[PDB]
Amino acid sequence: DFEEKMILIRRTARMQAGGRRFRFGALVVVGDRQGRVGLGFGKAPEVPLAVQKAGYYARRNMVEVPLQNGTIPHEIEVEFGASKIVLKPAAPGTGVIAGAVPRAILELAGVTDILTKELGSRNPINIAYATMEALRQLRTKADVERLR
Amino acid sequence: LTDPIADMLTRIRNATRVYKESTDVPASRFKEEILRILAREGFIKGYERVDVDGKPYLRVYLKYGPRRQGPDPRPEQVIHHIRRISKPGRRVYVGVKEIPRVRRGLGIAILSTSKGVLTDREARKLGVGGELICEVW
Amino acid sequence: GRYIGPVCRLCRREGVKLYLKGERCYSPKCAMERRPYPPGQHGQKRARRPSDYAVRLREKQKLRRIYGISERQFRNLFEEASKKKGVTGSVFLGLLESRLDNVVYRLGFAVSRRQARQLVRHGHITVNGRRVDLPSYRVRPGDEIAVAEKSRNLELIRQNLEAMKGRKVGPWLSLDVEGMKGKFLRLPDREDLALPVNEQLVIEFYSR
Amino acid sequence: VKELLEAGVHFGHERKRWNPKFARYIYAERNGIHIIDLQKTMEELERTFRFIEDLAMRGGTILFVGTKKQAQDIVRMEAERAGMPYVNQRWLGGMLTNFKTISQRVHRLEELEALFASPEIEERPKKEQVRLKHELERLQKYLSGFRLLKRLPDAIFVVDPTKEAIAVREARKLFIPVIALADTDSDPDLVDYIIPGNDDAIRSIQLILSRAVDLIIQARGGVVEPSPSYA
RNA sequence: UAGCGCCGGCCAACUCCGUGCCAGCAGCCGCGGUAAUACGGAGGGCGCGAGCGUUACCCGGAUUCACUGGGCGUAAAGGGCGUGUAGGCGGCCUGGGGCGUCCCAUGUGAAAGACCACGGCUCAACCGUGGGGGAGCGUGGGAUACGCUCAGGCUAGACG
RNA sequence: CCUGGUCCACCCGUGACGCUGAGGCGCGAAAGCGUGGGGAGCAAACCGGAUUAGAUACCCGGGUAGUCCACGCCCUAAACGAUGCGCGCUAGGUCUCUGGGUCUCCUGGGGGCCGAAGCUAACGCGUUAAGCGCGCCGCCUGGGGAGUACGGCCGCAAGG
Ligand code: SF4
Ligand SMILES: [Mg+2]
Ligand SMILES: [Mg+2]
Ligand SMILES: [Mg+2]
Ligand SMILES: [Mg+2]
Ligand SMILES: [Mg+2]
Ligand SMILES: [Mg+2]
Ligand SMILES: [Mg+2]
Ligand SMILES: [Mg+2]
Ligand SMILES: [Mg+2]
Ligand SMILES: [Mg+2]
Ligand SMILES: [Mg+2]
Ligand SMILES: [Mg+2]
Ligand SMILES: [Mg+2]
Ligand SMILES: [Mg+2]
Ligand SMILES: [Mg+2]
Ligand SMILES: [Mg+2]
Ligand SMILES: [Mg+2]
Ligand SMILES: [Mg+2]
Ligand SMILES: [Mg+2]
Ligand SMILES: [Mg+2]
Ligand SMILES: [Mg+2]
Ligand SMILES: [Mg+2]
Ligand SMILES: [Mg+2]
Ligand SMILES: [Mg+2]
Ligand SMILES: [Mg+2]
Ligand SMILES: [Mg+2]
Ligand SMILES: [Mg+2]
Ligand SMILES: [Mg+2]
Ligand SMILES: [Mg+2]
Ligand SMILES: [Mg+2]
Ligand SMILES: [Mg+2]
Ligand SMILES: [Mg+2]
Ligand SMILES: [Mg+2]
Ligand SMILES: [Mg+2]
Ligand SMILES: [Mg+2]
Ligand SMILES: [Mg+2]
Ligand SMILES: [Mg+2]
Ligand SMILES: [Mg+2]
Ligand SMILES: [Mg+2]
Ligand SMILES: [Mg+2]
Ligand SMILES: [Mg+2]
Ligand SMILES: [Mg+2]
Ligand SMILES: [Mg+2]
Ligand SMILES: [Mg+2]
Ligand SMILES: [Mg+2]
Ligand SMILES: [Mg+2]
Ligand SMILES: [Mg+2]
Ligand SMILES: [Mg+2]
Ligand SMILES: [Mg+2]
Ligand SMILES: [Mg+2]
Ligand SMILES: [Mg+2]
Ligand SMILES: [Mg+2]
Ligand SMILES: [Mg+2]
Ligand SMILES: [Mg+2]
Ligand SMILES: [Mg+2]
Ligand SMILES: [Mg+2]
Ligand SMILES: [Mg+2]
Ligand SMILES: [Mg+2]
Ligand SMILES: [Mg+2]
Ligand SMILES: [Mg+2]
Ligand SMILES: [Mg+2]
Ligand SMILES: [Mg+2]
Ligand SMILES: [Mg+2]
Ligand SMILES: [Mg+2]
Ligand SMILES: [Mg+2]
Ligand SMILES: [Mg+2]
Ligand SMILES: [Mg+2]
Ligand SMILES: [Mg+2]
Ligand SMILES: [Mg+2]
Ligand SMILES: [Mg+2]
Ligand SMILES: [Mg+2]
Ligand SMILES: [Mg+2]
Ligand SMILES: [Mg+2]
């Protein structure tokens, strides 16, 4: 099993005669703090089901981060629409320096030491997607020598 | 046409984004020196001086990864990234001490130096600097 | 100056026993042992989940309220370890420890740090000979911390060394009981000391 | 098993209604028609069947996809002959990606099987019979070959990856290998094991299906001589 | 000797009464029209501590002048269109020079301060001793790939 | 009749002569202005009739500038593809206009539609890029105040 954290829980509305009627969403990451994270987005008529629905997707889309002594191997800059995330490798006693969104994403991934920065649209849902697709594009010296 | 190198790097970048076997660039002794490094460092299979309709070109043999399982079968790239640094607009040189480390080692930076075209590594071994032509990973 | 007030309300807020008195901390008259819930009109209500910021402040006051230390001295000691080489977390703990008022207490010269202060400030302590009445002295490896001879015949320090006859004291400290003198061997690895504190989170409190 | 008189059955079709990814498997355009290098068909049969043969001896199921009226009946014979599932009529959305749910609709079928095999009451209203019977008659129409499928197939085999893009789509999302006879209107890069051939002429569908059915049964315990086909 | 700010969201800390779009609060969104955790008091609580808050100003957050590091179809943003001056920029091959560029050796880059170690005031603030540099410019020597200049060719750009 | 741009085929001539372009200079729909013509139709202003609470409008009958010509001014626009120019690279289907061929079709150059990859906040763009790149230019930096004021240059004035 994994450690699980709810990063976002929001309410949205739609309109029809008689007035507004709501729907809830939850951005949820899940991970072992040992090289495995997954991000899931769940929407439902009530908070709990959405949180649970989210968790199922989180496990449905996962990714394997090549941790090297608790930091990422190389620079990664990634855009997701108008959102940009910078992940920069950091030495031992550094700490995890990121906003509560990529913080929880990287944290549950076993990342213990990292310099980061959000640029552009800091919309919670998009910055999430950009942090993940960044990891999914992380490589190591092995991976490289094998390609080339 | 105002930049041969920038055209060259670009001719490739388009060719690799739709997985062509090769693509041809107009020939130059300077392009051979860059393709040479691009050959040795293994971003491409290699190249050869061919001729098109009476005109000298260089045919460059591209290299990719394996097919992938999933909705997107398209194999990973070998040249993920390639882009000019120094340009006719804004010349870029670096002394030895400020020579960059591309992508935490996993990539290269090509140079024009008074000792020839060298990588970030080579330049530091020989102890010389030069115009930072481009970066690749 | 220092905190100097009701101290059980402290543990009750932190959710954890901090050993801020000495004797009573062990008896069942200890406040956490009667009421493990935050002080005041609203302590028995069901809590609401604290935010990241909420969580970190709380972990900070934890480590901080242990030592009876001002935020300034805390901050400055911290912003030292931030600058100085290596891993921040250990060094902060280390430099925290090298305090005389702490050193006196870890040896069992005193029953609390609060008593370890009044011991230090009233000169009843000495470092490698010379009288020292400064709670803030950064004790260095090789230092021998002892009681003044001129006060060695005092009820409190004699009685308080009585417990120490063969009592354990952390690896980096040695103690000639009866003789009233102890020794600082080295500043701790995070392992040596088990303060009920996640120390990484304090860095992150300050990264904000 | 392989054979060479395939050119006595298909070599390909469809003019400039082509897909440019398929050019690597096309010999030339003559009859105002894209023509498949049949040599280039053998290569891929060799590799594709190896998969199918290696898949045979492992005792693993194969889903059979063909629903254009040119390949309608011919799949139904062949999938049964190898004892494996198919779809004849409509390819329901979520047959794979929503299996537990779609197949929850076979439990209604198996349950109708029993109920109409007497008695479990016939004192149920006349009109309910009318209703239940037709529902069985309705359900039967689509699920006769899918009911065998009781778990996600270890492969699927397709007539038109262009016409059945949906099927191909689900399989991909379920990491399932994709096998297909497919002509020049189709997308090559989309199929794992490709049989570059005409996918409309009944001739071509007979050759490639049956011989693949035979390769399946050969390595799955036994052999047999010829199978039903209209001239 | 213990004081001061805060407890609607940001943002750490909540209840009762009094008030009734009044009195008042306010950095922003916003609070107050008879059950206000947002106003006034109290209890309780949170944060610092011989201090705590406020006003003003500087950098940060502001990749919101974007060299690092932004943009212009519809959000702010292509000149109404040409023609052309200065300027910026420029194809393939070979040699001379070595201007830009890279390297080496040397001079200068004061002291205090910054940093690393140590040591002196019981510590610290403060202060002492030593250590490590840098750009940048002067000089000498070297390098010649790219950009420069000069010279000699070519025909893929351009013109006829 | 006088005159410009532009495409094609031959691959004959020159040998990088190229690209862009702050200022400058020219061109620049309508309306508008000056002097002189011209004035059939139309028609701001204006008159009358209807409608209407009112009708300084929409509808109907009249009607002057002007609309036309020459010369000289004005220089604005939803002057639009709301998309600066040039070059190179990155699937195809189809419709059309116009050269040339070995006239199924192949090749150039323009005009539309749908679409690969990719781009995009989305809408949509997509070899006529809004894609991947280089060069140079113009332009944007919250709404209003305001295209206003002041200064300056231009114009007969309007006004730019
Ligand atoms: S008694 Fe329990 S609560 Fe009161 S101080 Fe000692 S430990 Fe903390
Ligand atoms: Mg990996
Ligand atoms: Mg963007
Ligand atoms: Mg975004
Ligand atoms: Mg590293
Ligand atoms: Mg923004
Ligand atoms: Mg925001
Ligand atoms: Mg740069
Ligand atoms: Mg303790
Ligand atoms: Mg946390
Ligand atoms: Mg450090
Ligand atoms: Mg302890
Ligand atoms: Mg900071
Ligand atoms: Mg077909
Ligand atoms: Mg405050
Ligand atoms: Mg605060
Ligand atoms: Mg709170
Ligand atoms: Mg009143
Ligand atoms: Mg009230
Ligand atoms: Mg307030
Ligand atoms: Mg109040
Ligand atoms: Mg003080
Ligand atoms: Mg002050
Ligand atoms: Mg500011
Ligand atoms: Mg800035
Ligand atoms: Mg810039
Ligand atoms: Mg911007
Ligand atoms: Mg324009
Ligand atoms: Mg103009
Ligand atoms: Mg021009
Ligand atoms: Mg010029
Ligand atoms: Mg020049
Ligand atoms: Mg040149
Ligand atoms: Mg030269
Ligand atoms: Mg020089
Ligand atoms: Mg120097
Ligand atoms: Mg100095
Ligand atoms: Mg000292
Ligand atoms: Mg420095
Ligand atoms: Mg030379
Ligand atoms: Mg010359
Ligand atoms: Mg030519
Ligand atoms: Mg010629
Ligand atoms: Mg101009
Ligand atoms: Mg005009
Ligand atoms: Mg006019
Ligand atoms: Mg007038
Ligand atoms: Mg006139
Ligand atoms: Mg007149
Ligand atoms: Mg009237
Ligand atoms: Mg009237
Ligand atoms: Mg009227
Ligand atoms: Mg009229
Ligand atoms: Mg007039
Ligand atoms: Mg007029
Ligand atoms: Mg138009
Ligand atoms: Mg146009
Ligand atoms: Mg405009
Ligand atoms: Mg606009
Ligand atoms: Mg322009
Ligand atoms: Mg532009
Ligand atoms: Mg034609
Ligand atoms: Mg013709
Ligand atoms: Mg065309
Ligand atoms: Mg037209
Ligand atoms: Mg389109
Ligand atoms: Mg697409
Ligand atoms: Mg086209
Ligand atoms: Mg755009
Ligand atoms: Mg303003
Ligand atoms: Mg404004
Ligand atoms: Mg004006
Ligand atoms: Mg105007
Ligand atoms: Mg004026």
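Chain D goes by 30S ribosomal protein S2 in the PDB entry, where it is assigned to Thermus thermophilus HB8. Per the header of the deposited record, the title is "Crystal structure of the Bac7(1-16) antimicrobial peptide bound to the Thermus thermophilus 70S ribosome". Taken directly from UniProt, the Function text for chain D runs: "Spans the head-body hinge region of the 30S subunit. Is loosely associated with the 30S subunit."

As recorded in the PDB entry, chain A goes by the name 30S ribosomal protein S5, listed as coming from Thermus thermophilus HB8. Reading the Subunit entry of the UniProt record for chain A gives the comment "Part of the 30S ribosomal subunit. Contacts proteins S4 and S8." Recorded in UniProt under Sequence similarities, the annotation for chain A is "Belongs to the universal ribosomal protein uS5 family."

Undergrad: Account for empty space enclosed by the protein, naming residues and giving values.
TA: Residues and elements named next belong to chain C. One number sums up the size of the largest cavity: a volume of about 110 Å³. Around the largest cavity, the lining residues are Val7, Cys8, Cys11, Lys17, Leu18, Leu20, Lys21, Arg24, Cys25, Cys30, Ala31 and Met32. Considered class by class, the residues forming the lining of the largest cavity number nine nonpolar, no polar and three charged. Counted as a void, the second largest cavity has a volume near 60 Å³. If you go around the second largest cavity, the residues you meet are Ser90, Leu93, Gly94, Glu97, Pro188, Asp189, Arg190, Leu193 and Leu195. Its residues placed into classes, the lining of the second largest cavity shows four nonpolar, two polar and three charged. A domain split of the lining of the second largest cavity shows at least three residues from each of domain 1 (1-96 + 194-208) and domain 2 (97-193).

Undergrad: I'd like a rundown of the interface of chain A and chain B, residues and numbers included.
TA: The interface is formed by eleven residues belonging to chain A together with 14 residues belonging to chain B. Interface area, chain A with chain B, both sides summed: about 1100 Å², of which 50% is carbon and sulfur. Among the residues chain A hides against chain B, the three largest losses belong to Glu75, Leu147 and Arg148 of chain A. Together they make up 61% of the total. Between the two partners, chain A and chain B, sit two salt bridges.

Undergrad: Quick one: what's the story with the interface of chain B and chain D, residue by residue and with numbers?
TA: Contact residues are listed per partner, giving five residues for chain B and seven residues for chain D. Between chain B and chain D the total buried area reaches about 510 Å² when both faces are included, carbon and sulfur atoms providing 44% of it. Between the two partners, chain B and chain D, sit one salt bridge. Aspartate 192 of chain D is the salt-bridge partner of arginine 67 of chain B, the closest N and O atoms lying 3.7 Å from each other. Taken together, the residues that form the side of chain B that touches chain D break down as two nonpolar, two polar and one charged.

Undergrad: Residues and numbers for the site of ligand 1, please.
TA: Residues and elements named next belong to chain C. The full set of residues close to ligand 1 is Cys8, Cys11, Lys17, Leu18, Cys25, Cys30, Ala31 and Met32. At a threshold of 2 Å from the grid points, most atoms of ligand 1 map onto the largest cavity. Considered class by class, the residues forming the shell around ligand 1 number seven nonpolar, no polar and one charged.

Undergrad: Talk me through the protein's contact with RNA strand E; I want residue IDs and the actual numbers.
TA: Residues in close proximity to RNA strand E total 56 residues, the closest being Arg122 of chain A, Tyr93, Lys97 and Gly129 of chain B together with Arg140 of chain C. A distance of 3.1 Å separates a phosphate oxygen of RNA strand E from a polar side-chain atom of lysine 117 of chain A. At 3.1 Å, a side-chain N or O of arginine 64 of chain C approaches a phosphate oxygen of RNA strand E. Elements with a contribution of two residues or more to the surface near RNA strand E: β8 (114-120) of chain A, α2 (29-40), β5 (93-94), β6 (108-113) and β8 (130-136) of chain B together with α1 (8-14), α2 (52-67) and α3 (71-83) of chain C. Its residues assigned to classes, the surface near RNA strand E shows 17 nonpolar, 16 polar and 23 charged.

Undergrad: Lay out the sheet that holds strand β4 (residues 173-176) of chain C with the relevant residues and their values.
TA: Residues and elements named next belong to chain C. As summarised here, the arrangement of the five strands in space is β2-β1-β3-β5-β4, forming an open sheet in which the pairing is antiparallel. Each edge of the open sheet carries a strand with a single partner, namely β2 (130-131) and β4. Sitting on the sheet, helix α5 (residues 100-107) touches β1 (125-127), β3 (144-147), β4 and β5 (181-184), and the angle it makes with β3 is about 75 degrees.

Undergrad: Account for the pattern of salt bridges, naming residues and giving values.
TA: All names here are of chain C. Under the criterion given, the structure shown has 54 salt bridges over all chains. The partner of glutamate 79 in a salt bridge is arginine 75, and the shortest N-O contact between them spans 2.5 Å. With a gap of four residues between them, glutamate 79 and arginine 75 both fall in helix α3, about one helical turn apart. Exposure remark for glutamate 79: the relative accessible area of 40% places this residue in the partly exposed category.

Reading the values: rules and limits
- Residues numbered from 1 in each chain as written, not as in the entry; some residues may be left out.
- Chains lettered and ligands numbered in written order.
- Part of a larger assembly, values for the part shown.
- Heavy atoms only, no water.
- Residues with missing side-chain atoms left out of burial classes, pairs and counts.
- UniProt positions renumbered as here; feature names shortened; annotations may be inferred.
- 1 Å grid on protein atoms, 1.4 Å probe; cavity = no way out; pocket = protein on both sides within 12 Å on 5 of 7 lines; lining within 4 Å.
- Points joined across faces, edges and corners; volume = space filled by probe spheres on them.
- Nonpolar A, V, L, I, M, F, W, Y, C, P; charged D, E, K, R; others polar.
- Domains from an automatic or database assignment.
- Contact = heavy atoms within 4.5 Å.
- Buried area = accessible area lost by both parts, 1.4 Å probe.
- Salt bridge = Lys/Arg side-chain N within 4 Å of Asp/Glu carboxyl O.
- Near = heavy atom within 4 Å.
- Sits in = over half its atoms within 2 Å of the grid points.
- Polar contact = N/O pair within 3.5 Å; in protein donor to acceptor, adjacent residues only side chain to side chain.
- Helix = DSSP H or I, 4+ residues; strand = E, 2+ residues; numbered from the N terminus.
- Pairing = 2+ DSSP bridges.
- Axes fitted to C-alpha atoms, helices over the stretch in contact; angles between N-to-C directions.
- Buried < 20%, exposed > 50% of the residue type's maximum accessible area, 1.4 Å probe, protein only.

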